[PDB]
Each structure stands twice: as C-alpha cells, then as structure tokens.
Amino acid sequence: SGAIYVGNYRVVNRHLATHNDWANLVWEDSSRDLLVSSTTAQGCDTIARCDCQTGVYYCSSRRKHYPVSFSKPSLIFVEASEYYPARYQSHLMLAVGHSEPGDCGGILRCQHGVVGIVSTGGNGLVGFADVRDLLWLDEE
Ligand SMILES: COCC(=O)Nc1c(Cl)cc(C)cc1Oc1cccc(C(N)=O)c1
Ligand SMILES: [Zn+2]
C-alpha cells in the first residue's frame, strides 16, 4: 500500500483505489495502473521532473529502502495477477530487487523528488509506474 500527495492530488495504484478515490476521480489509466483523485488539503510531495535512472525505493515486505538502478519508462508485458489479466503495462520502469504484491504503492525517489510507485514485480524484479510525465500534478 501507499500514495503520493502533491498539491490537491492523491496518486494511488488503480487496483488499490477506494470508493472515495473513484467518487473524487481526476484521471485514471488501467494500462498504467494509476489513479489520481482530488484532496481537500494540500500535500507536500514534490514530483521529480528529470530522466534519472538511479534512486531508492521502499519495500514493505522487508521494511527496507533499497538503492536501485531502473530502466526508462516503457511498454512491458506483465503476467496475470489477482488484479489484472496478462497484458502490456505502459510507462513502467524495471529494477532488480525484492517485491511482493502488497509492496504496491511504495515510493521510488531520486534527488529531484518522487519518480513513481511500486506497481509490478516478482522473480527478483520490481516494476514502478512512472509519474514524472504527469506535468499537471504541479498545478491547478
Ligand atoms: C503471478 O504474479 C502475481 C503477482 O501478484 N505478482 C506480483 C508481485 Cl510478486 C509483486 C508485485 C509488486 C506485483 C505483482 O503483481 C501485480 C499486483 C498488482 C498489480 C500488478 C500490475 N500493475 O499489473 C501486478
Ligand atoms: Zn531525478
């Protein structure tokens, strides 16, 4: 579990969105596993605006923050899970690292701020849904 709080927005994994998130929906994309909803109070997270390929992510199944190298956002085939059938997930970055289903929502951060959240993984890998291209998160 986990979320990004930026301005008047809440960024969560789409498969973990609550009834409040859907009722207060701003934007969602099933192929990216992302959902953004409106908030009453302001958040303090800063979204990175960069092309960094090194950062640190939080792994709840280990209670640890790991330094990782990751690929640039891409269209990647992701196997069937409890939440989605086997499909191509877009804007996805991969790193070699530990991850379990309940690790989704763990933040990946670089020196510039939040890069994304844990969205896919298994077999020694971890995948993160990029949020650095969502420029509108920084305004209105
Ligand atoms: C057979 O793999 C099922 C599974 O739950 N693997 C998995 C494992 Cl180990 C680890 C993680 C972090 C995610 C994982 O899968 C999911 C779960 C929720 C959503 C998505 C998606 N966005 O397509 C992918
Ligand atoms: Zn950066």
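In chain A, numbers come from Swiss-Prot; the residues present are 869-1008, in order.
Quick reminder: no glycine exception, Cβ is built from N, Cα and C everywhere.
According to Swiss-Prot, the protein carries these features:
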ACT_SITE  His883  active site, for protease 2A activity
ACT_SITE  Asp901  active site, for protease 2A activity
BINDING   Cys918, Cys920, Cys978, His980  Zn(2+) 1 binding site
ACT_SITE  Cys972  active site, for protease 2A activity
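Proximity to ligand 2 at the level of Cβ atoms, with a cut-off under 6 angstroms, picks out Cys920, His980 from the recorded positions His883, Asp901, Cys920, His980. Neighbours of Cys918 (Zn(2+) 1 binding site), defined as other CB atoms within 10 A of its CB across all chains, total 13. Among the recorded positions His883, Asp901, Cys918, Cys920, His980, the residues whose Cβ sits under 6 Å from any atom of ligand 1 are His883, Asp901. In the three-state DSSP scheme, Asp901 (active site, for protease 2A activity) falls into the coil class.
Using a 10 Å Cβ-Cβ cutoff, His980 (Zn(2+) 1 binding site) registers 15 neighbours. Other residues of the chain with a Cβ within 8 Å of the Cβ centroid of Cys918, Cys920, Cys978, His980, the Zn(2+) 1 site, are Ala916, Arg917, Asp919, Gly923, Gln979, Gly981, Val983, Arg1000.
Closest in space to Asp901 (active site, for protease 2A activity), of the recorded positions given as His883, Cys918, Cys972, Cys978, is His883, taking the CA atom of each residue. Neighbour count (other Cβ atoms within 10 Å of the Cβ, all protein chains): 25 for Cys972 (active site, for protease 2A activity).
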